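One chain comes next, on its own, written as structure tokens: the form deposited in one PDB entry.
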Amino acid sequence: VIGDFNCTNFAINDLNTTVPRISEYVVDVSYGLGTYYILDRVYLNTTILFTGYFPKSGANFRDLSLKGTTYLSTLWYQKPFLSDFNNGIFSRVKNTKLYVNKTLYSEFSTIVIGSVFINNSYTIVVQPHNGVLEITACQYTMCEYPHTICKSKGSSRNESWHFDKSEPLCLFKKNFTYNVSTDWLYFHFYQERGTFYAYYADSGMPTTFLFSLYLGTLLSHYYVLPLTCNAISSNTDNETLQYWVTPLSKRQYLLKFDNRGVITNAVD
């Protein structure tokens, strides 16, 4: 289970439907993808050696996305999917592009980062809403079996990942836009000296600072929520979710900046 709140008993089973896929793609930082711009600093026409929270060059990713229809499996809410956060993660997220009429909608899996996932602890939630990325860090009453839904196409389940009838305490609550037409979003989520940091990009590029949040406590777990739709499967549209994740470590990189301040290259 994720949290301990019984939000639902509708269509729960114990089926072993999948395990996390290992990517045939691997981390290649030679053009700065898998790096980040350092906070609000600009470096121009230079190389620096920088020690930061970076993926290993040549590492695989695990696809942690889960797509449901009516049923959820209890095995989706356990290891290997419920994951130790350690120092942090780099993720490569497929933006799943869906059409209702001719009109485009963007979907992808929510990620939650936390420890015990109960309302005496803060859970960081990063959720898309069709070109708006909502980010919060609140004392959420997380469900046992949390999930999100297609807003775009139908869902035979209602959205249910927390149960708070009046708003929980929040340390952070902000929205960020992203380009709905992109194929990929990238994130770094990491922690250092009791402070969480988030970075993103909506292109094959180094990630840009979203926010930082002091917690004092360690985040110990993360989980990518199942998303349920009457769509995004081989018998209906051949579209899919993918939420690829690879671990970060405290690691020295060479970073190469051009005269515009873009990271053009990096070395592990």
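Throughout, rigid core stands for the largest set of C-alpha atoms superposing within 1.5 Å between the two forms. Residue positions are given as counts along the sequence shown, with the first one as 1.
Below: the form deposited in another entry, not depicted.
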Rigid core fitted, then: does residue 7 show a CA shift of 2 angstroms or greater between the shown form and the other one? no
Comparing between the shown form and the other one on the rigid core, is the C-alpha shift at residue 244 2 Å or larger? no
Given a core-based superposition, decide whether the C-alpha of residue 38 shifts by 2 Å or more between the shown form and the other one. yes
